There are 2 protein chains.
Amino acid sequence: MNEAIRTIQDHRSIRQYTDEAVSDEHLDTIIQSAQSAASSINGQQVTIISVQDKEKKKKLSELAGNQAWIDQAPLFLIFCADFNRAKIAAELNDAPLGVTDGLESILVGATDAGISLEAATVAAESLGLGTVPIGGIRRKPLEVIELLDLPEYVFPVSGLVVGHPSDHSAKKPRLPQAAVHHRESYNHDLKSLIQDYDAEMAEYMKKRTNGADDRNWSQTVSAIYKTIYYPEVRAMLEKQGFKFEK
Amino acid sequence: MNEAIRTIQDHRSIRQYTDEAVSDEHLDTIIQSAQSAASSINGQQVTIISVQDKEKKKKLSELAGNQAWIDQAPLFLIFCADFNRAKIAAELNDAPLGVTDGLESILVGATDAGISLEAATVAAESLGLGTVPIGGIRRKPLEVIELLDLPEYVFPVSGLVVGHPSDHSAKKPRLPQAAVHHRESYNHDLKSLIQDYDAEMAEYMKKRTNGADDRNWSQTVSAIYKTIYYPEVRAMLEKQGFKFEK
Ligand SMILES: Cc1cc2nc3c(=O)[nH]c(=O)nc-3n(C[C@H](O)[C@H](O)[C@H](O)COP(=O)(O)O)c2cc1C
Ligand SMILES: Cc1cc2nc3c(=O)[nH]c(=O)nc-3n(C[C@H](O)[C@H](O)[C@H](O)COP(=O)(O)O)c2cc1C
């Protein structure tokens with residue numbers, strides 16, 4: 001398998017970091033690789049905010065749910081869906097901005113930010129660094145907008161903790177190929193596959209905690225998806241000037 | 001510096017393919033790399049449908065807006081935001097599925113699908129193959145759901161055209177670093193950067209068409225984003241059991 005494939009295949013997210021600062025040469029490579037990725041209609045609907053200042057990064061850590069790894073790492077990247085450039089583009093050509101009144105602008109912005117994050121991940125991890133995305137930036141997103149001074153048509157999607165690792169960690173097992181990859185049409189027989197994966201996941205958790213926790217995949221997923229954990233999501237989009245087509 | 005960064009740095013979407021079929025060994029590597037990528041709460045909210053049958057793949061091409069490259073390439077991947085596994089997980093633990101009644105489930109599903117599309121992009125491109133994501137899967141989404149037999153809590157995000165290229169094409173220039181990468185806080189002075197970017201994009205389009213087309217970046221973006229081009233987006237999510245918190 002190629003160095004590119006071995007960077008993706010050997011993926012492990014880390015929460016343990018060193019005092020070692022991320023150099024500007026490393027950051028520029030992470031931003032250039034993220035920009036190099038594909039974007040819907042070459043509109044490049046992703047804005048990246050680099051937070052290195054401890055005080056600001058501490059506020060971001062608390063607003064994401066007091067995650068120790070955010071304040072631990074020297075650099076915290078923030079992937080925002082950006083339609084402000086599309087607004088400047090429309091103003092330059094005396095045209096209105098219609099897309100932001102539909103749910104498509106939300107789907108375009110979120111999908112593009114996921115593409116940019118993964119490119120930033122594969123670039124950073126190939127350099128020897130450790131990454132962990134922070135989807136928790138949508139916990140208190142109105143406070144995130146105020147902090148990062150986000151204008152109209154810009155919304156925070158996910159964060160990304162970039163730093164030098166202190167621990168190698170362990171690869172979390174993934175769902176069986178047959179459960180994720182469906183040939184030609186959708187495969188509805190997935191219950192047995194989820195049951196077999198839960199058995200493998202309970203054994204993984206057991207070996208990870210030294211027989212302290214028996215948490216399977218279905219257990220830990222259903223506990224958080226039991227409710228609407230992030231209520232301020234619609235309030236965040238409606239504040240930035242995004243509307244929907246009922 | 002390394003093979004992973006090199007694969008991303010020289011990226012280009014391929015729209016001209018050969019009759020050469022994508023092997024099972026290549027497909028399995030692309031799928032395994034996509035699964036190897038990070039997912040919000042390890043929920044793995046991405047489902048991948050492999051379309052290799054010419055007749056089905058032709059229907060998907062015509063629904064995406066007569067995109068020739070879809071019927072030309074031997075494989076047409078389709079990344080779907082999946083909460084049906086989360087529904088099976090909740091049923092196995094006698095728990096309700098609350099997340100789907102909020103906009104967070106839409107943001108999680110779209111961001112995670114973008115990640116999995118990017119992990120497949122770097123894997124396929126490093127193997128020598130050519131790719132082109134299809135955002136056109138959202139043109140007639142209700143027909144896509146019928147075709148792929150997409151159940152409740154499952155929605156099409158973006159397709160991916162994988163095949164053996166017949167031409168190298170060219171790298172599309174990206175926005176100036178200062179316009180996409182903002183240090184500490186958001187930079188509101190982007191108009192001048194877009195204007196300079198339009199001059200460099202008009203020159204790019206002149207050299208690629210041999211002085212036939214003068215299309216700049218802002219003009220291309222203004223025209224499409226002038227309106228809500230995909231109206232069946234909210235009509236797709238709601239049909240698939242997704243609600244919004246008002
Ligand atoms: C969009 C997104 C959001 C995430 N948010 C968080 C988060 O708030 N906190 C955290 O510690 N990990 C977060 N993660 C990391 C996941 O928990 C992790 O990727 C998953 O458990 C898979 O494990 P692995 O990446 O270590 O192989 C997130 C991942 C993604 C892709
Ligand atoms: C989510 C997404 C959707 C896209 N949808 C389409 C599409 O419907 N048709 C198409 O030909 N290209 C589509 N593309 C490809 C873009 O036009 C292309 O990535 C962009 O012009 C940047 O150029 P490059 O990837 O060749 O460097 C899409 C890309 C992404 C990331």
# chains A, B, ... in the order shown; residues from 1 in each chain; ligands from 1
>>> select_by_dssp(residues="region 25-243 of chain A", states="helix (DSSP H, G or I)", output="PyMOL selection string")
chain A and resi 25-36+40-42+54-63+68-72+84-92+99-101+104-126+135-138+141-148+177-180+191-209+217-224+233-239
>>> residues_near_ligand(ligand="ligand 2", cutoff="8 Å", atoms="only C-alpha atoms and all ligand atoms", output="ChimeraX atom specification")
/A:36-43,108,111-112,115 /B:11-15,64-65,67,114,132-137,157-159,170-173
>>> write_last_selection(atoms="C-alpha atoms", output="short mmCIF file (atom, residue, chain, number, x, y, z; two decimals), in the first residue's frame")
data_model
loop_
_atom_site.label_atom_id
_atom_site.label_comp_id
_atom_site.auth_asym_id
_atom_site.auth_seq_id
_atom_site.Cartn_x
_atom_site.Cartn_y
_atom_site.Cartn_z
CA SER A 36 -5.85 21.80 -3.00
CA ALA A 37 -8.97 19.62 -2.33
CA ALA A 38 -12.15 19.62 -4.50
CA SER A 39 -14.96 22.20 -3.88
CA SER A 40 -18.57 22.46 -5.21
CA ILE A 41 -18.49 24.61 -8.46
CA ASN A 42 -14.90 25.74 -7.44
CA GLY A 43 -16.63 28.20 -5.06
CA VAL A 108 -22.67 22.52 0.19
CA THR A 111 -19.80 18.78 2.84
CA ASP A 112 -16.99 21.14 1.61
CA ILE A 115 -13.46 17.57 2.50
CA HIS B 11 -5.17 17.30 -7.49
CA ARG B 12 -7.44 17.59 -10.55
CA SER B 13 -10.99 16.36 -11.27
CA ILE B 14 -11.00 14.01 -14.32
CA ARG B 15 -14.03 14.08 -16.69
CA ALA B 64 -27.43 14.49 -12.20
CA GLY B 65 -27.93 16.76 -15.27
CA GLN B 67 -23.08 14.45 -16.96
CA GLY B 114 -17.42 14.97 2.84
CA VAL B 132 -14.88 13.83 -9.95
CA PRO B 133 -17.43 14.37 -7.08
CA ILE B 134 -21.11 14.72 -8.14
CA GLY B 135 -23.12 17.38 -6.27
CA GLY B 136 -25.74 16.85 -9.00
CA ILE B 137 -27.13 13.84 -7.04
CA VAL B 157 -24.90 13.74 -0.16
CA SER B 158 -22.47 13.49 -3.12
CA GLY B 159 -21.48 10.92 -5.74
CA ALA B 170 -4.99 20.73 -15.54
CA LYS B 171 -4.93 22.06 -11.94
CA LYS B 172 -7.60 24.77 -11.36
CA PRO B 173 -5.97 27.70 -9.43
#
>>> interface_residues(of="chain B", to="chain A", cutoff="6 Å", atoms="only C-alpha atoms", output="PyMOL selection string")
chain B and resi 3-5+8-9+33+36+47-51+89-90+96-99+102+110-111+114-115+118+123+148-150+180-186+218+222+225-228
>>> closest_residue(among="A:62, A:200, A:189, A:152", to="ligand 1", atoms="only C-alpha atoms and all ligand atoms")
A:62
>>> calpha_fit_and_write(fixed="chain B", moving="chain A", output="PDB file with C-alpha atoms, in the first residue's frame")
ATOM      1  CA  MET A   1       6.850  17.027   0.184  1.00  0.00           C
ATOM      2  CA  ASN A   2       5.624  13.482   1.158  1.00  0.00           C
ATOM      3  CA  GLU A   3       3.705  11.119  -1.268  1.00  0.00           C
ATOM      4  CA  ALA A   4       0.551  11.848   0.813  1.00  0.00           C
ATOM      5  CA  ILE A   5       1.046  15.675   0.463  1.00  0.00           C
ATOM      6  CA  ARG A   6       1.967  15.296  -3.278  1.00  0.00           C
ATOM      7  CA  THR A   7      -1.315  13.322  -3.839  1.00  0.00           C
ATOM      8  CA  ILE A   8      -3.374  16.230  -2.355  1.00  0.00           C
ATOM      9  CA  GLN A   9      -1.218  19.140  -3.769  1.00  0.00           C
ATOM     10  CA  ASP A  10      -1.311  17.765  -7.381  1.00  0.00           C
ATOM     11  CA  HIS A  11      -5.148  17.341  -7.370  1.00  0.00           C
ATOM     12  CA  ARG A  12      -6.934  17.586 -10.724  1.00  0.00           C
ATOM     13  CA  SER A  13     -10.487  16.278 -11.267  1.00  0.00           C
ATOM     14  CA  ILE A  14     -10.979  14.466 -14.588  1.00  0.00           C
ATOM     15  CA  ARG A  15     -14.082  14.038 -16.817  1.00  0.00           C
ATOM     16  CA  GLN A  16     -12.271  12.051 -19.578  1.00  0.00           C
ATOM     17  CA  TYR A  17     -12.076   8.243 -18.901  1.00  0.00           C
ATOM     18  CA  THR A  18     -11.111   4.913 -20.611  1.00  0.00           C
ATOM     19  CA  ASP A  19     -13.099   1.627 -21.135  1.00  0.00           C
ATOM     20  CA  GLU A  20     -10.807   0.059 -18.436  1.00  0.00           C
ATOM     21  CA  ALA A  21     -12.799  -1.344 -15.487  1.00  0.00           C
ATOM     22  CA  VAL A  22     -11.897  -0.560 -11.832  1.00  0.00           C
ATOM     23  CA  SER A  23     -10.706  -3.846 -10.212  1.00  0.00           C
ATOM     24  CA  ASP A  24     -12.269  -5.170  -6.940  1.00  0.00           C
ATOM     25  CA  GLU A  25      -8.809  -4.824  -5.262  1.00  0.00           C
ATOM     26  CA  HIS A  26      -8.897  -1.060  -6.093  1.00  0.00           C
ATOM     27  CA  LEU A  27     -12.556  -0.644  -4.928  1.00  0.00           C
ATOM     28  CA  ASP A  28     -11.876  -2.489  -1.588  1.00  0.00           C
ATOM     29  CA  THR A  29      -8.848  -0.175  -0.970  1.00  0.00           C
ATOM     30  CA  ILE A  30     -11.054   2.936  -1.739  1.00  0.00           C
ATOM     31  CA  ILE A  31     -13.801   1.680   0.690  1.00  0.00           C
ATOM     32  CA  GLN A  32     -11.277   0.624   3.444  1.00  0.00           C
ATOM     33  CA  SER A  33      -9.519   4.047   3.256  1.00  0.00           C
ATOM     34  CA  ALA A  34     -12.900   5.907   3.426  1.00  0.00           C
ATOM     35  CA  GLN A  35     -13.908   3.794   6.509  1.00  0.00           C
ATOM     36  CA  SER A  36     -10.455   4.499   8.072  1.00  0.00           C
ATOM     37  CA  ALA A  37     -11.297   8.263   8.229  1.00  0.00           C
ATOM     38  CA  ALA A  38     -12.638  10.073  11.356  1.00  0.00           C
ATOM     39  CA  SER A  39     -16.427  10.145  12.118  1.00  0.00           C
ATOM     40  CA  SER A  40     -18.520  12.161  14.654  1.00  0.00           C
ATOM     41  CA  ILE A  41     -18.764  10.082  17.934  1.00  0.00           C
ATOM     42  CA  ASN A  42     -17.493   7.003  15.895  1.00  0.00           C
ATOM     43  CA  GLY A  43     -21.105   6.686  14.640  1.00  0.00           C
ATOM     44  CA  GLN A  44     -19.831   6.260  11.029  1.00  0.00           C
ATOM     45  CA  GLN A  45     -22.807   8.154   9.467  1.00  0.00           C
ATOM     46  CA  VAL A  46     -21.677   7.415   5.844  1.00  0.00           C
ATOM     47  CA  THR A  47     -23.079   4.740   3.490  1.00  0.00           C
ATOM     48  CA  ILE A  48     -21.334   4.035   0.176  1.00  0.00           C
ATOM     49  CA  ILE A  49     -23.224   2.610  -2.851  1.00  0.00           C
ATOM     50  CA  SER A  50     -21.078   1.188  -5.707  1.00  0.00           C
ATOM     51  CA  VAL A  51     -22.819   1.413  -9.085  1.00  0.00           C
ATOM     52  CA  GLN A  52     -21.124  -0.532 -11.917  1.00  0.00           C
ATOM     53  CA  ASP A  53     -24.183  -1.638 -13.997  1.00  0.00           C
ATOM     54  CA  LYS A  54     -24.335   0.576 -17.171  1.00  0.00           C
ATOM     55  CA  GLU A  55     -28.202   0.820 -17.195  1.00  0.00           C
ATOM     56  CA  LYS A  56     -28.493   1.984 -13.529  1.00  0.00           C
ATOM     57  CA  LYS A  57     -25.366   4.243 -13.950  1.00  0.00           C
ATOM     58  CA  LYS A  58     -27.030   5.776 -17.087  1.00  0.00           C
ATOM     59  CA  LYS A  59     -30.154   6.690 -15.026  1.00  0.00           C
ATOM     60  CA  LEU A  60     -27.861   8.253 -12.335  1.00  0.00           C
ATOM     61  CA  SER A  61     -26.018  10.214 -15.115  1.00  0.00           C
ATOM     62  CA  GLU A  62     -29.304  11.730 -16.439  1.00  0.00           C
ATOM     63  CA  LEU A  63     -30.687  12.554 -12.905  1.00  0.00           C
ATOM     64  CA  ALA A  64     -27.402  14.413 -12.089  1.00  0.00           C
ATOM     65  CA  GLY A  65     -27.908  16.687 -15.142  1.00  0.00           C
ATOM     66  CA  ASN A  66     -26.848  14.475 -18.116  1.00  0.00           C
ATOM     67  CA  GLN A  67     -23.126  14.397 -17.139  1.00  0.00           C
ATOM     68  CA  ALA A  68     -21.298  12.334 -19.838  1.00  0.00           C
ATOM     69  CA  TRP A  69     -18.464  11.453 -17.381  1.00  0.00           C
ATOM     70  CA  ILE A  70     -20.831   9.378 -15.134  1.00  0.00           C
ATOM     71  CA  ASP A  71     -21.864   6.997 -17.967  1.00  0.00           C
ATOM     72  CA  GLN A  72     -18.224   7.170 -19.272  1.00  0.00           C
ATOM     73  CA  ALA A  73     -16.534   5.787 -16.082  1.00  0.00           C
ATOM     74  CA  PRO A  74     -16.943   2.047 -15.113  1.00  0.00           C
ATOM     75  CA  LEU A  75     -17.743   2.750 -11.397  1.00  0.00           C
ATOM     76  CA  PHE A  76     -19.893   5.483  -9.782  1.00  0.00           C
ATOM     77  CA  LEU A  77     -19.701   5.669  -5.945  1.00  0.00           C
ATOM     78  CA  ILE A  78     -22.530   7.383  -3.933  1.00  0.00           C
ATOM     79  CA  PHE A  79     -21.903   8.848  -0.440  1.00  0.00           C
ATOM     80  CA  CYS A  80     -25.109   8.873   1.636  1.00  0.00           C
ATOM     81  CA  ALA A  81     -25.612  10.300   5.146  1.00  0.00           C
ATOM     82  CA  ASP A  82     -26.801   7.273   7.174  1.00  0.00           C
ATOM     83  CA  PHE A  83     -28.764   7.400  10.461  1.00  0.00           C
ATOM     84  CA  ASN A  84     -30.499   4.025   9.778  1.00  0.00           C
ATOM     85  CA  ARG A  85     -27.600   2.281  11.608  1.00  0.00           C
ATOM     86  CA  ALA A  86     -28.187   4.780  14.499  1.00  0.00           C
ATOM     87  CA  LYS A  87     -31.907   3.730  14.321  1.00  0.00           C
ATOM     88  CA  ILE A  88     -30.962  -0.031  14.500  1.00  0.00           C
ATOM     89  CA  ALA A  89     -28.522   0.845  17.373  1.00  0.00           C
ATOM     90  CA  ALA A  90     -31.320   2.709  19.267  1.00  0.00           C
ATOM     91  CA  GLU A  91     -33.752  -0.248  18.675  1.00  0.00           C
ATOM     92  CA  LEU A  92     -31.149  -2.738  20.041  1.00  0.00           C
ATOM     93  CA  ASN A  93     -30.833  -0.661  23.275  1.00  0.00           C
ATOM     94  CA  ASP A  94     -34.608   0.183  23.668  1.00  0.00           C
ATOM     95  CA  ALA A  95     -33.832   3.918  23.144  1.00  0.00           C
ATOM     96  CA  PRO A  96     -35.500   6.636  20.969  1.00  0.00           C
ATOM     97  CA  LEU A  97     -33.756   8.380  17.995  1.00  0.00           C
ATOM     98  CA  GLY A  98     -33.901  12.113  18.798  1.00  0.00           C
ATOM     99  CA  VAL A  99     -31.006  13.578  16.704  1.00  0.00           C
ATOM    100  CA  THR A 100     -32.973  13.202  13.372  1.00  0.00           C
ATOM    101  CA  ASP A 101     -35.521  15.820  14.658  1.00  0.00           C
ATOM    102  CA  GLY A 102     -32.733  18.469  14.705  1.00  0.00           C
ATOM    103  CA  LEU A 103     -30.518  20.218  12.091  1.00  0.00           C
ATOM    104  CA  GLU A 104     -27.404  18.743  13.835  1.00  0.00           C
ATOM    105  CA  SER A 105     -28.116  15.286  12.238  1.00  0.00           C
ATOM    106  CA  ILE A 106     -28.012  17.035   8.808  1.00  0.00           C
ATOM    107  CA  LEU A 107     -24.705  18.837   9.649  1.00  0.00           C
ATOM    108  CA  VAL A 108     -23.149  15.598  11.090  1.00  0.00           C
ATOM    109  CA  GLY A 109     -24.234  13.492   8.046  1.00  0.00           C
ATOM    110  CA  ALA A 110     -23.058  16.024   5.390  1.00  0.00           C
ATOM    111  CA  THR A 111     -19.698  16.804   7.107  1.00  0.00           C
ATOM    112  CA  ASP A 112     -18.981  13.034   7.592  1.00  0.00           C
ATOM    113  CA  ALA A 113     -19.783  12.325   3.878  1.00  0.00           C
ATOM    114  CA  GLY A 114     -17.287  15.062   2.843  1.00  0.00           C
ATOM    115  CA  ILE A 115     -14.593  13.429   5.039  1.00  0.00           C
ATOM    116  CA  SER A 116     -15.311   9.935   3.526  1.00  0.00           C
ATOM    117  CA  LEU A 117     -15.310  11.320  -0.072  1.00  0.00           C
ATOM    118  CA  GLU A 118     -11.906  13.076   0.354  1.00  0.00           C
ATOM    119  CA  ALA A 119     -10.377   9.870   1.874  1.00  0.00           C
ATOM    120  CA  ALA A 120     -11.837   7.906  -1.089  1.00  0.00           C
ATOM    121  CA  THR A 121     -10.379  10.622  -3.450  1.00  0.00           C
ATOM    122  CA  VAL A 122      -6.795  10.597  -1.971  1.00  0.00           C
ATOM    123  CA  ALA A 123      -6.777   6.732  -1.993  1.00  0.00           C
ATOM    124  CA  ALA A 124      -8.134   6.409  -5.586  1.00  0.00           C
ATOM    125  CA  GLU A 125      -5.847   9.155  -7.037  1.00  0.00           C
ATOM    126  CA  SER A 126      -2.717   7.665  -5.340  1.00  0.00           C
ATOM    127  CA  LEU A 127      -3.549   4.324  -7.111  1.00  0.00           C
ATOM    128  CA  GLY A 128      -3.413   6.208 -10.458  1.00  0.00           C
ATOM    129  CA  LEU A 129      -7.205   6.566 -10.913  1.00  0.00           C
ATOM    130  CA  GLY A 130      -9.132   9.770 -11.647  1.00  0.00           C
ATOM    131  CA  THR A 131     -11.990  11.163  -9.532  1.00  0.00           C
ATOM    132  CA  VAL A 132     -14.708  13.844  -9.771  1.00  0.00           C
ATOM    133  CA  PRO A 133     -17.419  14.266  -7.054  1.00  0.00           C
ATOM    134  CA  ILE A 134     -21.041  14.590  -8.286  1.00  0.00           C
ATOM    135  CA  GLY A 135     -22.942  17.027  -6.032  1.00  0.00           C
ATOM    136  CA  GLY A 136     -25.588  16.925  -8.790  1.00  0.00           C
ATOM    137  CA  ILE A 137     -27.144  13.845  -7.065  1.00  0.00           C
ATOM    138  CA  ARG A 138     -29.352  16.450  -5.228  1.00  0.00           C
ATOM    139  CA  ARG A 139     -30.882  17.669  -8.593  1.00  0.00           C
ATOM    140  CA  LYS A 140     -33.582  14.951  -8.576  1.00  0.00           C
ATOM    141  CA  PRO A 141     -32.902  13.365  -5.125  1.00  0.00           C
ATOM    142  CA  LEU A 142     -36.351  11.734  -4.606  1.00  0.00           C
ATOM    143  CA  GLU A 143     -35.713   9.686  -7.814  1.00  0.00           C
ATOM    144  CA  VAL A 144     -32.194   8.823  -6.461  1.00  0.00           C
ATOM    145  CA  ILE A 145     -33.807   7.459  -3.218  1.00  0.00           C
ATOM    146  CA  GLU A 146     -36.232   5.296  -5.319  1.00  0.00           C
ATOM    147  CA  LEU A 147     -33.364   3.996  -7.597  1.00  0.00           C
ATOM    148  CA  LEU A 148     -30.846   3.177  -4.794  1.00  0.00           C
ATOM    149  CA  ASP A 149     -33.727   1.886  -2.516  1.00  0.00           C
ATOM    150  CA  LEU A 150     -32.695   4.279   0.329  1.00  0.00           C
ATOM    151  CA  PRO A 151     -34.638   3.695   3.593  1.00  0.00           C
ATOM    152  CA  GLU A 152     -35.747   6.096   6.388  1.00  0.00           C
ATOM    153  CA  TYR A 153     -32.921   8.269   7.857  1.00  0.00           C
ATOM    154  CA  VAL A 154     -30.620   7.877   4.753  1.00  0.00           C
ATOM    155  CA  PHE A 155     -30.098  10.799   2.289  1.00  0.00           C
ATOM    156  CA  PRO A 156     -27.770  11.177  -0.780  1.00  0.00           C
ATOM    157  CA  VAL A 157     -24.965  13.726  -0.197  1.00  0.00           C
ATOM    158  CA  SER A 158     -22.561  13.470  -3.189  1.00  0.00           C
ATOM    159  CA  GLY A 159     -21.452  11.033  -5.880  1.00  0.00           C
ATOM    160  CA  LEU A 160     -17.870  10.132  -6.912  1.00  0.00           C
ATOM    161  CA  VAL A 161     -16.794   9.084 -10.431  1.00  0.00           C
ATOM    162  CA  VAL A 162     -13.934   6.508 -10.170  1.00  0.00           C
ATOM    163  CA  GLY A 163     -12.217   5.259 -13.346  1.00  0.00           C
ATOM    164  CA  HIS A 164      -8.998   5.077 -15.380  1.00  0.00           C
ATOM    165  CA  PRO A 165      -8.031   8.474 -16.911  1.00  0.00           C
ATOM    166  CA  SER A 166      -7.481   9.139 -20.664  1.00  0.00           C
ATOM    167  CA  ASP A 167      -6.295  12.769 -20.141  1.00  0.00           C
ATOM    168  CA  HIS A 168      -3.887  14.293 -17.553  1.00  0.00           C
ATOM    169  CA  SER A 169      -5.912  17.616 -17.433  1.00  0.00           C
ATOM    170  CA  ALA A 170      -4.751  20.878 -15.679  1.00  0.00           C
ATOM    171  CA  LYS A 171      -4.775  22.087 -12.012  1.00  0.00           C
ATOM    172  CA  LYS A 172      -7.480  24.784 -11.452  1.00  0.00           C
ATOM    173  CA  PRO A 173      -5.914  27.746  -9.506  1.00  0.00           C
ATOM    174  CA  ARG A 174      -7.229  28.275  -5.937  1.00  0.00           C
ATOM    175  CA  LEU A 175      -8.009  31.450  -3.885  1.00  0.00           C
ATOM    176  CA  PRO A 176      -4.989  33.301  -2.322  1.00  0.00           C
ATOM    177  CA  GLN A 177      -3.926  31.760   1.053  1.00  0.00           C
ATOM    178  CA  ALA A 178      -4.711  35.057   2.907  1.00  0.00           C
ATOM    179  CA  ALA A 179      -8.373  34.883   1.643  1.00  0.00           C
ATOM    180  CA  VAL A 180      -9.007  31.299   2.981  1.00  0.00           C
ATOM    181  CA  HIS A 181      -6.575  31.219   5.988  1.00  0.00           C
ATOM    182  CA  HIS A 182      -7.458  33.877   8.627  1.00  0.00           C
ATOM    183  CA  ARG A 183      -5.235  34.065  11.746  1.00  0.00           C
ATOM    184  CA  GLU A 184      -7.012  34.242  15.187  1.00  0.00           C
ATOM    185  CA  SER A 185     -10.164  36.057  13.909  1.00  0.00           C
ATOM    186  CA  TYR A 186     -12.041  36.442  10.560  1.00  0.00           C
ATOM    187  CA  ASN A 187     -10.445  38.843   8.022  1.00  0.00           C
ATOM    188  CA  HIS A 188     -13.134  41.052   6.410  1.00  0.00           C
ATOM    189  CA  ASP A 189     -10.753  42.672   3.810  1.00  0.00           C
ATOM    190  CA  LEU A 190     -11.236  40.073   0.987  1.00  0.00           C
ATOM    191  CA  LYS A 191     -12.596  42.192  -1.959  1.00  0.00           C
ATOM    192  CA  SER A 192      -9.077  43.150  -3.246  1.00  0.00           C
ATOM    193  CA  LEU A 193      -7.955  39.470  -2.925  1.00  0.00           C
ATOM    194  CA  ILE A 194     -11.043  38.280  -4.942  1.00  0.00           C
ATOM    195  CA  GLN A 195     -10.304  40.997  -7.617  1.00  0.00           C
ATOM    196  CA  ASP A 196      -6.642  39.812  -7.980  1.00  0.00           C
ATOM    197  CA  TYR A 197      -7.761  36.127  -8.159  1.00  0.00           C
ATOM    198  CA  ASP A 198     -10.354  37.029 -10.871  1.00  0.00           C
ATOM    199  CA  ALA A 199      -7.467  38.477 -12.988  1.00  0.00           C
ATOM    200  CA  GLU A 200      -5.493  35.201 -12.573  1.00  0.00           C
ATOM    201  CA  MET A 201      -8.664  33.115 -13.249  1.00  0.00           C
ATOM    202  CA  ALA A 202      -9.607  35.079 -16.453  1.00  0.00           C
ATOM    203  CA  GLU A 203      -6.047  34.414 -17.786  1.00  0.00           C
ATOM    204  CA  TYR A 204      -6.369  30.686 -16.805  1.00  0.00           C
ATOM    205  CA  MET A 205      -9.724  30.382 -18.675  1.00  0.00           C
ATOM    206  CA  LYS A 206      -8.222  32.249 -21.701  1.00  0.00           C
ATOM    207  CA  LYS A 207      -5.241  29.824 -21.980  1.00  0.00           C
ATOM    208  CA  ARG A 208      -7.591  26.805 -21.372  1.00  0.00           C
ATOM    209  CA  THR A 209     -10.058  27.679 -24.221  1.00  0.00           C
ATOM    210  CA  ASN A 210      -7.418  29.395 -26.513  1.00  0.00           C
ATOM    211  CA  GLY A 211      -8.827  32.923 -26.004  1.00  0.00           C
ATOM    212  CA  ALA A 212     -12.478  31.814 -26.438  1.00  0.00           C
ATOM    213  CA  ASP A 213     -13.797  32.372 -22.854  1.00  0.00           C
ATOM    214  CA  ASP A 214     -12.861  35.227 -20.416  1.00  0.00           C
ATOM    215  CA  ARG A 215     -14.919  33.857 -17.421  1.00  0.00           C
ATOM    216  CA  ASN A 216     -13.404  34.896 -14.076  1.00  0.00           C
ATOM    217  CA  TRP A 217     -14.117  33.209 -10.693  1.00  0.00           C
ATOM    218  CA  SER A 218     -16.668  35.807  -9.398  1.00  0.00           C
ATOM    219  CA  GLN A 219     -18.598  35.615 -12.715  1.00  0.00           C
ATOM    220  CA  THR A 220     -19.117  31.824 -12.924  1.00  0.00           C
ATOM    221  CA  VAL A 221     -19.883  31.497  -9.144  1.00  0.00           C
ATOM    222  CA  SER A 222     -22.468  34.371  -8.999  1.00  0.00           C
ATOM    223  CA  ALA A 223     -24.392  32.982 -12.060  1.00  0.00           C
ATOM    224  CA  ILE A 224     -25.227  29.660 -10.311  1.00  0.00           C
ATOM    225  CA  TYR A 225     -25.578  31.159  -6.757  1.00  0.00           C
ATOM    226  CA  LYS A 226     -27.978  33.804  -8.246  1.00  0.00           C
ATOM    227  CA  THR A 227     -30.846  31.403  -7.326  1.00  0.00           C
ATOM    228  CA  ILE A 228     -31.853  28.273  -5.277  1.00  0.00           C
ATOM    229  CA  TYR A 229     -30.730  25.798  -7.990  1.00  0.00           C
ATOM    230  CA  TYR A 230     -31.737  22.633  -6.044  1.00  0.00           C
ATOM    231  CA  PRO A 231     -35.275  23.155  -4.608  1.00  0.00           C
ATOM    232  CA  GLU A 232     -35.982  19.477  -3.675  1.00  0.00           C
ATOM    233  CA  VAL A 233     -33.331  19.562  -0.830  1.00  0.00           C
ATOM    234  CA  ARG A 234     -35.791  20.108   2.113  1.00  0.00           C
ATOM    235  CA  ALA A 235     -38.371  17.776   0.416  1.00  0.00           C
ATOM    236  CA  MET A 236     -35.651  15.013   0.311  1.00  0.00           C
ATOM    237  CA  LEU A 237     -34.759  15.324   4.098  1.00  0.00           C
ATOM    238  CA  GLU A 238     -38.458  15.564   5.120  1.00  0.00           C
ATOM    239  CA  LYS A 239     -39.256  12.392   3.052  1.00  0.00           C
ATOM    240  CA  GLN A 240     -36.481  10.345   4.844  1.00  0.00           C
ATOM    241  CA  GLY A 241     -37.802  11.276   8.328  1.00  0.00           C
ATOM    242  CA  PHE A 242     -35.672  14.345   9.156  1.00  0.00           C
ATOM    243  CA  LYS A 243     -37.231  17.271  11.061  1.00  0.00           C
ATOM    244  CA  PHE A 244     -35.925  20.714  12.207  1.00  0.00           C
ATOM    245  CA  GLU A 245     -35.968  22.726  15.478  1.00  0.00           C
ATOM    246  CA  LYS A 246     -37.641  26.105  14.658  1.00  0.00           C
TER     247      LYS A 246
END
>>> select_by_dssp(residues="region 37-82 of chain A", states="strand (DSSP E or B)", output="JSON, numbers by chain")
{"A": [46, 47, 48, 49, 50, 51, 75, 76, 77, 78, 79, 80, 81, 82]}
